[PDB]
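Read the structure below first, then the notes.
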Amino acid sequence: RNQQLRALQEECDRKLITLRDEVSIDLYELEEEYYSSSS
Amino acid sequence: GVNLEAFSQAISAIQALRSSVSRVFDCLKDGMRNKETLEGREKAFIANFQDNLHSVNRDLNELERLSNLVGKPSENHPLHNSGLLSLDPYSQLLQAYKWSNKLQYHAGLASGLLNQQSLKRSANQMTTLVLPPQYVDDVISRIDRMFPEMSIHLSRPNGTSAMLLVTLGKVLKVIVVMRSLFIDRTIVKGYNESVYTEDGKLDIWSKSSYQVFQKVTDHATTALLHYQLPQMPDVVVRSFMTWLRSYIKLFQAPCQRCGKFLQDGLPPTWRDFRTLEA
């Protein structure tokens with residue numbers, strides 16, 4: 001069961017990292033976008 | 001080997017061997033126009049005679065020459081000639097053999113002069129500079145490992161980003177944790193101070209050393225932040241690897257004595273020397 005729930009968090013953790021990855025991309029995808037504004 | 005090219009210079013040498021004697025007799029073709037200052041003009045004659053000594057130097061030039069001969073004489077070049085009359089109308093290919101070389105040689109200059117670029121702008125003319133496939137990382141790893149006597153490894157236990165470690169002759173391994181394509185945010189240590197194989201439980205960071213490699217780490221960070229070309233990340237990581245290779249010795253100490261500080265290194269100019277001086 002422990003091992004079972006281990007997977008339950010393990011992949012989840014990976015998912016979070018994946019999220020971060022996606023977020024990171026999104027992050028970068030907006031950073032250059034922040035440059036454009038000549039305010 | 002490639003010492004054959006030296007013979008080319010020897011060619012020019014014997015060329016002078018002719019010209020020299022001509023320059024002799026031409027000097028004897030006429031006498032003193034108007035010295036009016038000294039009689040070194042005659043010595044001038046002997047001056048040309050002195051250059052004849054160069055000819056003897058040519059004979060000396062053969063001492064360094066003749067390293068060794070290669071097997072399979074004629075180097076597979078006239079094998080086409082062994083063909084029947086049907087094959088002889090084939091020399092064209094050989095011409096292209098030089099031509100292609102010239103091509104490269106031309107690019108060898110052209111690309112060189114391409115260094116002075118004129119791109120007044122680089123945006124508002126279009127993408128996805130971050131490499132999508134998680135396979136180009138392995139490609140770059142293999143390209144780096146193609147270099148000899150310098151082993152590279154990588155595990156990437158953090159996630160999508162790239163994580164790798166490199167070792168050299170000493171125990172001054174370097175741990176580089178960067179994004180998908182280009183190298184950034186690396187660190188260096190020495191003598192198991194990092195132990196990033198199973199440090200504690202995994203490839204730990206530990207952000208530390210005993211105040212010796214810290215300067216090298218900062219310089220490598222600067223080099224990473226400076227060599228970030230707009231395109232061709234493979235070129236960037238290759239340049240980074242070449243830069244890293246320059247510390248495999250840590251022996252010389254020019255433009256100073258080997259007592260200025262703990263160590264000495266800052267080679268972005270493809271040559272290391274005493275640090276804290278540039």
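Residue names in the structure tokens use chain letters A, B, ... in the order shown, residue numbers from 1 in each chain, and ligand numbers from 1 in the order shown.
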
I need the chain A residues near chain B as a PDB file with N, CA, C and O atoms, in the first residue's frame; criterion: at most 9 Å, counting only C-alpha atoms.
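Result file follows (selection.pdb):
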ATOM      1  N   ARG A  14       6.271  14.183 -10.466  1.00  0.00           N
ATOM      2  CA  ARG A  14       6.685  14.362 -11.852  1.00  0.00           C
ATOM      3  C   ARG A  14       5.718  15.284 -12.579  1.00  0.00           C
ATOM      4  O   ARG A  14       6.133  16.242 -13.244  1.00  0.00           O
ATOM      5  N   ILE A  17       6.401  18.732 -11.697  1.00  0.00           N
ATOM      6  CA  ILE A  17       7.573  19.156 -12.456  1.00  0.00           C
ATOM      7  C   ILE A  17       7.186  19.425 -13.901  1.00  0.00           C
ATOM      8  O   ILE A  17       7.517  20.475 -14.467  1.00  0.00           O
ATOM      9  N   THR A  18       6.450  18.488 -14.509  1.00  0.00           N
ATOM     10  CA  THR A  18       5.925  18.709 -15.850  1.00  0.00           C
ATOM     11  C   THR A  18       5.188  20.037 -15.918  1.00  0.00           C
ATOM     12  O   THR A  18       5.464  20.872 -16.789  1.00  0.00           O
ATOM     13  N   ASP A  21       7.663  22.638 -15.914  1.00  0.00           N
ATOM     14  CA  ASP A  21       8.202  22.672 -17.268  1.00  0.00           C
ATOM     15  C   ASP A  21       7.303  23.494 -18.178  1.00  0.00           C
ATOM     16  O   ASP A  21       7.723  24.521 -18.725  1.00  0.00           O
ATOM     17  N   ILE A  25       8.079  27.106 -19.774  1.00  0.00           N
ATOM     18  CA  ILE A  25       7.895  27.500 -21.168  1.00  0.00           C
ATOM     19  C   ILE A  25       7.006  28.730 -21.238  1.00  0.00           C
ATOM     20  O   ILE A  25       7.400  29.777 -21.770  1.00  0.00           O
ATOM     21  N   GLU A  29       7.752  32.231 -22.576  1.00  0.00           N
ATOM     22  CA  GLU A  29       6.910  32.716 -23.664  1.00  0.00           C
ATOM     23  C   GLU A  29       6.347  34.095 -23.364  1.00  0.00           C
ATOM     24  O   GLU A  29       5.888  34.793 -24.274  1.00  0.00           O
TER      25      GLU A  29
END

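Atom pair atom CA of residue 143 of chain B / atom CA of residue 242 of chain B has a distance of 12.3 Å (rounded to one decimal).
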
Self-check item: Spatial neighbours of segment 231-235 of chain B, max dist 7 Å, only C-alpha atoms, sep filter under 5 positions, as a list in words
Solution: residues 140, 181 and 182 of chain B

Exercise. List the neighbours of residue 240 of chain B out to 8 Å using only C-alpha atoms; skip same-chain residues closer than 6 positions along the sequence, and give me the result as a list in words.
Key: residues 223, 224 and 227 of chain B

Quiz prompt | Test item, strand (DSSP E or B) assignment across segment 11-244 of chain B, answer as a VMD selection string | solution = chain B and resid 152 to 154 162 to 166 174 to 178 186 to 188 199 202

Practice problem: Write out as a list in words which residues come within 10 Å of residue 213 of chain B when counting only C-alpha atoms, dropping same-chain ones fewer than 6 positions away. | Solution: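 Within the cut-off, the hits are residues 172, 187, 188, 189, 190, 219, 262 and 263 of chain B.
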
Go ahead and save the picked residues with N, CA, C and O atoms, as a tab-separated table (two decimals), in the first residue's frame.
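Produced file result_10.tsv, reproduced below:
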chain	number	residue	atom	x	y	z
B	172	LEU	N	38.72	17.79	-10.76
B	172	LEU	CA	37.99	19.05	-10.86
B	172	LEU	C	36.74	18.96	-11.74
B	172	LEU	O	36.54	19.78	-12.63
B	187	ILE	N	28.50	24.89	-12.18
B	187	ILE	CA	29.34	25.02	-10.99
B	187	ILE	C	30.48	24.01	-11.11
B	187	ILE	O	30.40	23.05	-11.87
B	188	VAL	N	31.55	24.25	-10.36
B	188	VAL	CA	32.74	23.40	-10.40
B	188	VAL	C	33.25	23.20	-8.98
B	188	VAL	O	33.06	24.04	-8.09
B	189	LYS	N	33.89	22.06	-8.76
B	189	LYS	CA	34.48	21.72	-7.47
B	189	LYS	C	35.72	20.87	-7.74
B	189	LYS	O	36.23	20.83	-8.86
B	190	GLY	N	36.22	20.19	-6.70
B	190	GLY	CA	37.39	19.35	-6.86
B	190	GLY	C	37.60	18.34	-5.75
B	190	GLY	O	37.30	18.62	-4.58
B	219	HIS	N	33.95	32.50	-13.67
B	219	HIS	CA	34.42	32.76	-15.02
B	219	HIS	C	33.69	31.90	-16.04
B	219	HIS	O	33.36	32.36	-17.14
B	262	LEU	N	45.92	32.18	-5.21
B	262	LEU	CA	45.67	30.75	-5.12
B	262	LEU	C	45.95	30.06	-6.45
B	262	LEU	O	46.64	29.04	-6.49
B	263	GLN	N	45.42	30.62	-7.53
B	263	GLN	CA	45.63	30.06	-8.86
B	263	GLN	C	45.63	31.16	-9.90
B	263	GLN	O	45.76	32.34	-9.56

Exercise. Tell me, as a ChimeraX atom specification, which residues lie within 10 Å of residue 167 of chain B, counting only C-alpha atoms; anything in the same chain fewer than 5 positions away does not count.
Key: /B:149-153,172-175,190

Self-check item: Neighbour list for residue 10 of chain B as an MDAnalysis selection string, cut-off 9 Å, only C-alpha atoms, skip fewer than 5 positions in-chain
Solution: chainID B and resid 15 58 61:62

Quiz prompt | Given only C-alpha atoms as the counted atoms, nearest of B:216, B:237, B:276, B:204 to residue 139 of chain B | solution =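 Selected residue with least distance to residue 139 of chain B: B:237.
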
Quiz item: Which one is closest to residue 12 of chain B: B:126, B:171, B:55, B:249? Count only C-alpha atoms.
Solution: B:55

Practice problem: Would you list, as a PyMOL selection string, the residues of segment 64-136 of chain B that end up in alpha helix (DSSP H) under DSSP run on this structure's backbone? | Solution: chain B and resi 64+91-113+136

Can I get the selection written as a short mmCIF file (atom, residue, chain, number, x, y, z; two decimals), in the first residue's frame, with N, CA, C and O atoms?
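Output contents, as saved in part.cif:
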data_model
loop_
_atom_site.label_atom_id
_atom_site.label_comp_id
_atom_site.auth_asym_id
_atom_site.auth_seq_id
_atom_site.Cartn_x
_atom_site.Cartn_y
_atom_site.Cartn_z
N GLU B 64 64.99 18.12 -41.07
CA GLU B 64 63.69 18.01 -40.42
C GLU B 64 62.72 17.21 -41.29
O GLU B 64 61.74 16.65 -40.78
N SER B 91 39.70 12.53 -65.73
CA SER B 91 40.54 13.42 -64.94
C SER B 91 39.70 14.50 -64.26
O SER B 91 40.10 15.05 -63.23
N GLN B 92 38.54 14.80 -64.85
CA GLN B 92 37.63 15.83 -64.36
C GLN B 92 37.41 15.72 -62.85
O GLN B 92 37.52 16.72 -62.13
N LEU B 93 37.10 14.51 -62.38
CA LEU B 93 36.89 14.26 -60.96
C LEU B 93 38.06 14.78 -60.14
O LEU B 93 37.86 15.53 -59.17
N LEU B 94 39.28 14.40 -60.52
CA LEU B 94 40.47 14.89 -59.83
C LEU B 94 40.47 16.41 -59.77
O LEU B 94 40.77 17.00 -58.72
N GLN B 95 40.13 17.06 -60.88
CA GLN B 95 40.00 18.51 -60.89
C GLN B 95 39.02 18.97 -59.82
O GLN B 95 39.34 19.82 -58.98
N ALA B 96 37.82 18.38 -59.82
CA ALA B 96 36.84 18.68 -58.78
C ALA B 96 37.42 18.38 -57.40
O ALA B 96 37.14 19.11 -56.44
N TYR B 97 38.24 17.33 -57.30
CA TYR B 97 38.91 17.01 -56.05
C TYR B 97 39.63 18.23 -55.49
O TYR B 97 39.57 18.51 -54.28
N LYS B 98 40.32 18.97 -56.35
CA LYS B 98 40.92 20.22 -55.93
C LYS B 98 39.85 21.29 -55.75
O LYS B 98 39.83 22.00 -54.74
N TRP B 99 38.94 21.39 -56.72
CA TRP B 99 37.91 22.43 -56.73
C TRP B 99 37.13 22.45 -55.43
O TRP B 99 37.05 23.49 -54.76
N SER B 100 36.56 21.30 -55.06
CA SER B 100 35.87 21.15 -53.79
C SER B 100 36.72 21.68 -52.65
O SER B 100 36.25 22.49 -51.84
N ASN B 101 37.99 21.25 -52.60
CA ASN B 101 38.92 21.78 -51.61
C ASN B 101 38.93 23.30 -51.63
O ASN B 101 38.69 23.95 -50.61
N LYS B 102 39.19 23.87 -52.81
CA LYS B 102 39.12 25.32 -52.97
C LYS B 102 37.82 25.87 -52.40
O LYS B 102 37.83 26.83 -51.62
N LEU B 103 36.70 25.23 -52.76
CA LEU B 103 35.41 25.56 -52.18
C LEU B 103 35.52 25.74 -50.67
O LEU B 103 35.31 26.84 -50.14
N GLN B 104 35.91 24.67 -49.98
CA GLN B 104 36.09 24.71 -48.54
C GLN B 104 37.03 25.85 -48.18
O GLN B 104 36.70 26.71 -47.36
N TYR B 105 38.19 25.89 -48.85
CA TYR B 105 39.17 26.94 -48.59
C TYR B 105 38.54 28.30 -48.78
O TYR B 105 38.72 29.20 -47.96
N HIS B 106 37.76 28.46 -49.86
CA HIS B 106 37.05 29.71 -50.07
C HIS B 106 36.16 30.03 -48.88
O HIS B 106 36.24 31.13 -48.31
N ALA B 107 35.34 29.07 -48.47
CA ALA B 107 34.51 29.24 -47.29
C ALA B 107 35.39 29.52 -46.09
O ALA B 107 35.06 30.36 -45.24
N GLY B 108 36.54 28.84 -46.03
CA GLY B 108 37.49 29.08 -44.95
C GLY B 108 37.82 30.55 -44.80
O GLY B 108 38.00 31.05 -43.68
N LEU B 109 37.92 31.26 -45.92
CA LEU B 109 38.03 32.71 -45.85
C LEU B 109 36.66 33.35 -45.65
O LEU B 109 36.48 34.18 -44.74
N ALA B 110 35.68 32.96 -46.46
CA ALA B 110 34.37 33.60 -46.49
C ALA B 110 33.73 33.61 -45.12
O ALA B 110 33.44 34.67 -44.56
N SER B 111 33.50 32.42 -44.56
CA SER B 111 32.97 32.28 -43.21
C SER B 111 33.76 33.14 -42.23
O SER B 111 33.17 33.80 -41.37
N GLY B 112 35.08 33.15 -42.38
CA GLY B 112 35.93 33.99 -41.56
C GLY B 112 35.51 35.45 -41.65
O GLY B 112 35.24 36.09 -40.63
N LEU B 113 35.44 35.97 -42.87
CA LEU B 113 34.98 37.33 -43.07
C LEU B 113 33.50 37.50 -42.78
O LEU B 113 33.02 38.63 -42.69
N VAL B 136 17.71 15.99 -28.79
CA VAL B 136 18.85 16.80 -29.21
C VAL B 136 19.85 16.92 -28.08
O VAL B 136 21.05 17.14 -28.31
#
